[PDB]
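What follows is calculated from the coordinates using simple rules that are stated; it is not laboratory data. Neighbour counts are summed over all protein chains in view; Cβ atoms, including those assigned to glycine, are modelled from backbone coordinates with ideal geometry.
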Amino acid sequence: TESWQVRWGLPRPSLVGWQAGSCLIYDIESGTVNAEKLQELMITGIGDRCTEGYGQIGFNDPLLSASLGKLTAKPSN
RNA sequence: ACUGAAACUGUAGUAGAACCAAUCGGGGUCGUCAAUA
């Protein structure tokens with residue numbers, strides 16, 4: 001991301017990371033996952049500059065859990 | 001961890017060249033008409 005910073009009067013630093021749509025799935029090797037903490041991360045986001053909407057994350061979404069190979073899309077004055 | 005700013009899709013270019021709305025024609029002149037009984 002190669003933005004400006006209008007109050008700075010100068011370019012913003014280049015922000016590198018992962019684009020939206022990127023997906024990953026893990027086995028949990030140990031420890032319970034707190035549904036309340038997953039909810040909080042799904043609210044606040046992860047990483048840097050989440051205040052302006054970076055870092056927004058979906059946990060355990062059914063679309064990443066589905067098998068879809070057989071499915072189809074739905075059909076003056 | 002904070003919207004960039006500012007910038008006329010404008011500039012030049014003749015919908016035109018060529019083509020006859022024309023060719024021929026004396027404002028002239030003579031025999032009947034009609035069908036029954």
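Assorted remarks:
- Extreme residue, farthest from RNA strand B (Cβ to nearest atom), among residues of the stretch A:1-12 that are surrounded by 10 or more Cβ atoms within 10 Å (Cβ to Cβ) and assigned to a loop (DSSP other than H, G, I, E, B): A:1
- Single condition residue A:15 does not satisfy, out of (1) near RNA strand B (Cβ under 10 Å from one of its atoms); (2) surrounded by 10 or more Cβ atoms within 10 Å (Cβ to Cβ); (3) within 15 Å of the chain's Cα centre (by Cα): (3)
- Only residues that are touching a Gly at 6+ places or on another chain (Cβ under 8 Å) and under 19 Å from residue A:24 (Cβ atoms) were counted in the stretch A:44-63, giving 8.
- The number of residues in the stretch A:28-69 being within 16 Å of RNA strand B (Cβ to nearest atom), on the phi > 0 side of the Ramachandran plot and loosely packed, with under 10 Cβ neighbours inside 10 Å comes to 1.
- Residues of the stretch A:15-54 that turn out to be touching a helix residue (DSSP H, G or I) at 6+ places or on another chain (Cβ under 8 Å), within 24 Å of residue A:1 (Cβ to Cβ) and assigned to a loop (DSSP other than H, G, I, E, B), as a count: 1
- Filter result (within 9 Å of the chain's Cα centre (by Cα) and either among the β-branched types (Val, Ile, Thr) or under 15 Å from residue A:65 (Cβ atoms) (or both)) within the stretch A:18-46: A:23, A:46
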